[PDB]
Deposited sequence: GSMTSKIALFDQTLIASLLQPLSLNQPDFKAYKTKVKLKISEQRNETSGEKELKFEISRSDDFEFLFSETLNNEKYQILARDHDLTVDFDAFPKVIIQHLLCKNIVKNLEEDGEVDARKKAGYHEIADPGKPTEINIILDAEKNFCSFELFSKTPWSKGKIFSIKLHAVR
């Protein structure tokens, strides 16, 4: 409940299995309250305007986030995490890519389709600049 949409946009992501493919994916990031505990939650939803069976999501609470900031050396707290992610996605690189090969979003699919890994990057002159990778589960 108390679901506030913070980001809802179609992005170009390169999909992986091991042949790569740049495809359009809908990413939704929203704020919600856990029904039993009332605690703040962050929900990530990935879907495709073509594949209807392509539905993945993950809900993060503060505990789940601590694992994510441990694995990716994030210094931002759970509250600021979506603000800096959404700022990166919407405000930072306003570069239009002509579509009738590098991507800042990588999606790695499971052969069984039980999940997928959603990866966000901010390239640097010396590294790929991985921000975080989140495991999204089949809906």
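If a residue lacks a C-alpha atom here, it counts as unmodelled; so which stretches of the deposited sequence fall into that category? Unmodelled stretches: 1 to 3, 21 to 28, 112 to 130, 170.
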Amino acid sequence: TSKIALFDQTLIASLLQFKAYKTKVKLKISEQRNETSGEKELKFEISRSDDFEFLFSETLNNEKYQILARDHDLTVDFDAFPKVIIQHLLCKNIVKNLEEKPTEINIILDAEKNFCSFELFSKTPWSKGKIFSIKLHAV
From here on, numbers count along this sequence of modelled residues.
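Quick one: higher average CA temperature factor, 43 to 51 or 69 to 77? 43 to 51 has the higher mean C-alpha B-factor.
Which of 20 to 28 and 127 to 135 has higher mean CA B factor, as the PDB entry lists it: 20 to 28 has the higher mean C-alpha B-factor.
Which one of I85, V95, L60, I105 shows the top CA temperature factor in the record? Within the set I85, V95, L60, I105, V95 shows the top C-alpha B-factor.
What third of its chain's C-alpha B-factors does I12 belong to: lowest, middle or highest? Within its chain, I12 is a middle-third residue by C-alpha B-factor, going by the deposited values.
Per the entry's values, where does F118 land by CA temperature factor relative to the rest of its chain, in the lowest, middle or highest third? Middle third.
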